[PDB]
Amino acid sequence: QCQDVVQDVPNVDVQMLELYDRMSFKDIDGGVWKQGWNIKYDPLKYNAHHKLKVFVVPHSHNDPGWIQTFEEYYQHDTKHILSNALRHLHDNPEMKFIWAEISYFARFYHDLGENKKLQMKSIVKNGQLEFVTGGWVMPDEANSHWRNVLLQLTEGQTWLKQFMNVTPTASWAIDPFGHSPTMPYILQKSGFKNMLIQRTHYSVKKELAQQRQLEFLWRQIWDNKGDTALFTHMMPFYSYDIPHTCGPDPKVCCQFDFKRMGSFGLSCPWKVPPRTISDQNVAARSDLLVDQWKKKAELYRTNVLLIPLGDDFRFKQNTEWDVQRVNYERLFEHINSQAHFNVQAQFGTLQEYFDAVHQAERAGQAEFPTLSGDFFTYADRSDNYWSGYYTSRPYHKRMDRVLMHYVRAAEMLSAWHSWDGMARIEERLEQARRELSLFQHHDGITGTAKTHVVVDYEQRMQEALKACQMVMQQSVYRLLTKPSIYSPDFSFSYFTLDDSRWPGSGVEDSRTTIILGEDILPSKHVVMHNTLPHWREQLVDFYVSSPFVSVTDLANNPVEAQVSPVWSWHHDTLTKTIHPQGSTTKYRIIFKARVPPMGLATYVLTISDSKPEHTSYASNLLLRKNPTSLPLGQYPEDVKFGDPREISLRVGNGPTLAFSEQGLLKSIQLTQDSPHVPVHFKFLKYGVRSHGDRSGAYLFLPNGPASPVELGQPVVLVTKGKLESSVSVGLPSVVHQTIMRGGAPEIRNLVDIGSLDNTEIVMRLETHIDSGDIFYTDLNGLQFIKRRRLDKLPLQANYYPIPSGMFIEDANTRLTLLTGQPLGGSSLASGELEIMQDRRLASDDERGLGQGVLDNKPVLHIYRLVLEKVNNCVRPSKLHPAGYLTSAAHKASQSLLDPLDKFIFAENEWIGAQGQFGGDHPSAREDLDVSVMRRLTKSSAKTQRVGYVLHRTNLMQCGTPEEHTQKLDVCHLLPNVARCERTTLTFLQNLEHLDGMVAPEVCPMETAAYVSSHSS
Ligand SMILES: *[C@H]1O[C@H](CO)[C@@H](O)[C@H](O)[C@H]1NC(C)=O
Ligand SMILES: CO[C@@H]1[C@@H](N)[C@@H](O)[C@@H](O)[C@H]1O
Ligand SMILES: [Zn+2]
């Protein structure tokens, strides 16, 4: 039934990897169309019986933060644009306008008086103002996780359905810096029929234009049948501004931007200004304009032409509305009345364009090509590849992934109950969703905003994290307290969250120590949550005020624990070394938590006078010349010292890892009998060019291949324990840590690029894997796409987004690096992987940001490193454009993105505490996730509704027998189900009423949404 996503290579007209292999990418001067050619057309193509229909679509690109904050732009610009759009559209019934960013629209609409709300609903209902996409933002497509792309889409569309009674089916993405097939994937599963994109490499625009392949049915790279296909229009020219949207010659098109005659402080850089249309010039002006249109029309297959009319924060002043409208009206009246042009031109909306294109298609006038692939890495001109923003502001890129998970966990934990309005649950979740959604903007997560705007996004996300914590901890208290005892104060913190990796050790001292003592408090309850729909074990760690602590479950069964010191690294400005200091007051206790699917498990930490039976203590070895003592208070094992030396470690039955005397991985041995496979971590630096174009927040313009970071004789700390071991080294700008818990290691880098101007720090893996020029990177955490390194392109063009993982492989061996944050990376030589850690750039890169990137701050990047044998795996053929993770790698990615949540009970005693929640939840097959669980109704609704987004990935078959797992029917997770419906992914349209109220599991690579309805 399900399509085979591995073994059937789709047949498409354009496959972007194949196209890339064949294209020459020459950057030649094409004439007035600088990156194209001199377009010719047959004037006889259009005639009385076959006219060119032209839709001029007014628009205004409104960034939710960039050079100003959201609120600053709203006050200075966007509120005036929307107020004037309302007035002008009301008064001019043929004028049209499209609007994309619902974050702004919702802010505006809720501030309007009722009379104006009604006026606004009227111009939407009548088709004059049309929403395009309808997301909270126009998101980045490179660094964004698909879950957050869906979150922001749902946030905007849910608002539009409720207030505007419309759901857009056409998408408009004119500004993201390159484009991802994750967008049509999500949009096509959310009711869309059409989409538009703009920022694709200039060589790609030229190639596709020459073949009239700028409109295409964009399907997923694994989709053999084509059911994922979404009609896509790629605009052909360098910009979406007016000079680059009327036709190929911006010197002509600029004369048709009537905001550029002087009084608005704008002009045409091509040195010919616009002139007011009059009866004396309209014929000449029309001849010039129609000629541009007919040239543009040559690049497409129908007789319906899209002419966007707008730019950034346009349509602000009433005088601007008038100057554009009246001048275009005079042109339309002339052109449409002059039969010799054979043109019918009018203001239109985006949906009107697409509807007319498909009318032409159905009339047999055109057939469209099929396409798969992506549109990274973008270059707008010459060698200016926009791969810098895959890394810029990495602190906030990491924060995005933390908040992603906290939103999911808060929505899921609170979904199990209906809450009184006084609990402020819906309020806090809406805030958290909206702040995370805002950050998906293409100047948010991308790291391309001004410093104070980055600060605003951070403050918003911090508030969202606090909102999630509040909702999560109220939910845990309710789920695990005997109901007749439960007595909530909705303002009280029953638990505090404990997060070991955010902001992280060395970033913020934010974690609470569990303070135990005979004279204060002998024990403490902690609770773990597992948002994934399968039973999960994971080591968890807490800070405690004594090393003499033991762990029990709530049935009072001992749980094996390990205590390690709390180590912090310090750049010692006196000794000029970077070295670790141990706490003599707090210690880390580590134990394996086992947690039900979408469930909770409670444990107890108890102090004793001396070493507990079931708690062991790690050894610690500090490798450095010239050591000094390292006291650890009550910690029972004395620190050992040694000169730097190679070391080997093995935890459990896991791999054996060998490290250099500099504390960097050099080899991995999977099993005791197997080989020591060379796998070498190295840190290098890229610089900036002293001549020509400089790297900045968008562009990566390295001054050649990276140079090794000079390491000196760094201090290496080795901690060896029964449950967890680690090697940590204080390198310049990076405290690098390899942590072993008995599977694939976890790597953590505390990255502080300090004051190193014009430097990008890269982490590289060097191996013996015969990968050649092939490597794989993911798109939005959804799919892995084959990449081919092209030596015909510059280094920066071979960088791709690494939103969640990357791998190289040969016939026998694969190395996969999973990430907890999006970063840029590549494989610049056979056997290598590399990923950028941070970048500090003194110069602006001439895209309008007007600053470098000099606001770096310490960030804790996290990874898992999975070396595997893959010779037995059923892989796609050599011609297939996708790749797929193994289960170990997929589970490793889940451990980074959706770890267990940890809660520490705040008060001294928890009366009515229970040991577990969710023990009866089905443990679903490992490839299935409940990406979203969200109650959709407030407590006043007689019929409660709960929405679920289910995602099935595809894992490679490598000969591990499939185990018994339980069917997950999300529609029966809550009792008293009365109806189960399959819906669009935004939950806004019912697609199927489900028999027996049973939600079927989805196919590999598919995502489905279901809503269950419950009598309450
Ligand atoms: C809005 O649009 C629908 C079509 O989806 C229309 O039939 C209905 O009358 C309107 N619904 C409202 C205002 O709730
Ligand atoms: C690259 O130029 C973009 C501009 N068009 C702005 O809208 C902002 O998004 C900026 O990043
Ligand atoms: Zn923008």
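Letter by letter, the sequence shown follows residues 93 to 1108 in UniProt numbering.
Even for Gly, the Cβ is constructed at its ideal location relative to N, Cα and C.
Under 7 Å between C-beta atoms of residue i and residue j
i     : j     : result
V146  : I399  : yes
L1066 : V1094 : no
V1041 : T1075 : no
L992  : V632  : yes
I607  : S637  : yes
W661  : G846  : no
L309  : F323  : yes
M230  : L178  : no
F446  : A265  : no
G691  : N648  : no
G779  : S935  : no
Contact test: residue i Cβ vs ligand 2 heavy atom, cutoff 6 Å
i    : result
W158 : yes
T161 : no
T540 : yes
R939 : yes
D404 : yes
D548 : no
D349 : no
Per-residue burial, residue i [other beta carbons within 10 Å of its own, 16 or more giving buried]
i          : result
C94        : exposed
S583       : exposed
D1012      : exposed
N1082      : exposed
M514       : exposed
residue 33 : Any property of residue 33 remains undetermined from this structure, which presents the chain solely from 93 to 1108.
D341       : buried
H706       : exposed
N257       : exposed
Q99        : exposed
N218       : exposed
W478       : buried
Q160       : buried
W129       : exposed
Residues bridged to residue i [DSSP beta-bridge criterion]
i    : result
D993 : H621
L925 : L857
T911 : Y955
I831 : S818 and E838
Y635 : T605 and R680
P893 : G916
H271 : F467
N139 : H142
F197 : According to DSSP, which records beta bridges pairwise, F197 is partnered with nothing at all.
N712 : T811
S799 : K777
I760 : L749 and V769
Residue i beta carbon near ligand 3 (any heavy atom closer than 6 Å)
i    : result
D155 : yes
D232 : no
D472 : no
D267 : yes
Proximity test, residue i beta-carbon vs ligand 1 heavy atom, cut-off 6 Å
i    : result
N257 : yes
*Evaluate contact between the region 282–293 and the region 1046–1064, counting only Cβ atoms and requiring at least three cross-stretch pairs below 8 Å.*
no
_Would you call the region 926–939 in contact with the region 999–1018, where contact means no fewer than 3 C-beta pairs closer than 8 Å?_
no
_For the pair the region 600–617 and the region 692–703, tell me if three or more CB-CB distances fall below 8 Å._
yes
*Check whether the region 121–138 touches the region 491–498, counting contact only when three or more Cβ pairs, one atom from each stretch, lie closer than 8 Å.*
no
*asked:* Is it the case that the region 116–129 contacts the region 290–308, given that we only count it when at least three CB pairs across the two stretches are under 8 Å?
replied: yes
*If you pair each beta-carbon of the region 808–824 with each one of the region 883–901, do three or more pairs fall below 8 Å?*
no
*Quick check: the region 154–171 against the region 195–202, are there 3 or more CB pairs under 8 Å?*
yes
_Stretch pair the region 420–434 + the region 484–491: three plus CB contacts closer than 8 Å_ = no
*Any contact of the region 943–960 with the region 905–920, i.e. 3+ C-beta pairs under 8 Å?*
yes
*Quick one: any contact between the region 99–109 and the region 458–465, if contact means 3 or more CB pairs under 8 Å?*
yes
*Report yes or no: do the region 911–918 and the region 892–900 share at least 3 C-beta pairs separated by less than 8 Å?*
yes
*Cβ contact check for the region 732–752 and the region 667–678: 3 or more pairs under 8 Å*: no
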